[PDB]
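Inspection log for the structure reproduced underneath, given as structure tokens.
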Amino acid sequence: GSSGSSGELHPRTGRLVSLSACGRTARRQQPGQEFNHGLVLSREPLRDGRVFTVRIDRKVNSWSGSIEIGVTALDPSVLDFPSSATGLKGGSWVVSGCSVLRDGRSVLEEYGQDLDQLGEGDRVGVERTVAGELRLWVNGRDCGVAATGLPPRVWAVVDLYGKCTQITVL
């Protein structure tokens, strides 16, 4: 048994978004055209304390975009992959680089961890406290609290557009 995974990644994705046979590696296609055009969620709902970490396999410096990552309250089996992670609704928290949003609304800014700073050589992860507070983790370190008031069940959301292109779960 075993595997050495955490939250994994759902095999179902958009068009430009593609996953591996294992289901623990996400990547985008057509890097020389567009950025946002899909999404990648976890295979299973993150448990209390469980921190969904992910590394940046590849990062293109041709664009000026950023990487979006957070959590959602909608199952990936019946979720509607929006234009981007930040474009999620129905109780979904996303970080648009030093900016925490929920359902497409800014609530916190100047957050401790800055995803926009990432760029080949920096991993990031999310976590959902029992109380219902979304937190982030960089290189296995506490960054603080992004938002509060989360449901009892959530999933690890991740997006690969512009800067970010490929991601891998730890």
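So the sequence shown is numbered by the entry's author numbering: it starts at 1 and just counts up by one. Where is the CB? At the ideal position from N, CA and C, for every residue including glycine.
Based on the DSSP output, what are the partners of residue i in its beta bridges?
i: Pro-152; result: Bridge partners of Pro-152: none, in fact.
i: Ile-56; result: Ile-167
Between which two residues does the beta strand (DSSP E) harbouring residue i extend?
i: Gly-125; result: 124-128
i: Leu-19; result: 17-19
i: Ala-26; result: 25-28
i: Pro-31; result: Per DSSP, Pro-31 belongs to no beta strand (DSSP E) and is neither H nor E.
i: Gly-144; result: 142-147
Measuring only the C-alpha atoms, how far is residue i from residue j?
i: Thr-86; j: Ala-21; result: 27 Å
i: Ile-67; j: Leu-19; result: 17 Å
i: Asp-57; j: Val-71; result: 20 Å
i: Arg-153; j: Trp-93; result: 13 Å
i: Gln-117; j: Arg-123; result: 11 Å
i: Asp-159; j: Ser-3; result: 24 Å
Quick check on residue i: buried or exposed, where buried means 16 or more other Cβ atoms within 10 Å of its Cβ?
i: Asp-142; result: exposed
i: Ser-77; result: exposed
i: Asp-48; result: exposed
When the Cα of residue i is compared with those of the options, which residue comes out closest?
i: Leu-170; options: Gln-117, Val-40, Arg-28 and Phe-52; result: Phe-52
i: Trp-137; options: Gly-162, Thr-165 and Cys-98; result: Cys-98
i: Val-130; options: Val-158, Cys-164 and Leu-150; result: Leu-150
i: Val-17; options: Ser-96, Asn-36 and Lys-89; result: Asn-36
i: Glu-109; options: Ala-156, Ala-146 and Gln-117; result: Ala-146
i: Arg-105; options: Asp-116, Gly-90 and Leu-115; result: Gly-90
i: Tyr-111; options: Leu-101, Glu-120 and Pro-82; result: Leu-101
i: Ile-69; options: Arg-55, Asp-48 and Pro-31; result: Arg-55
i: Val-60; options: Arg-27, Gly-125 and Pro-45; result: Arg-27
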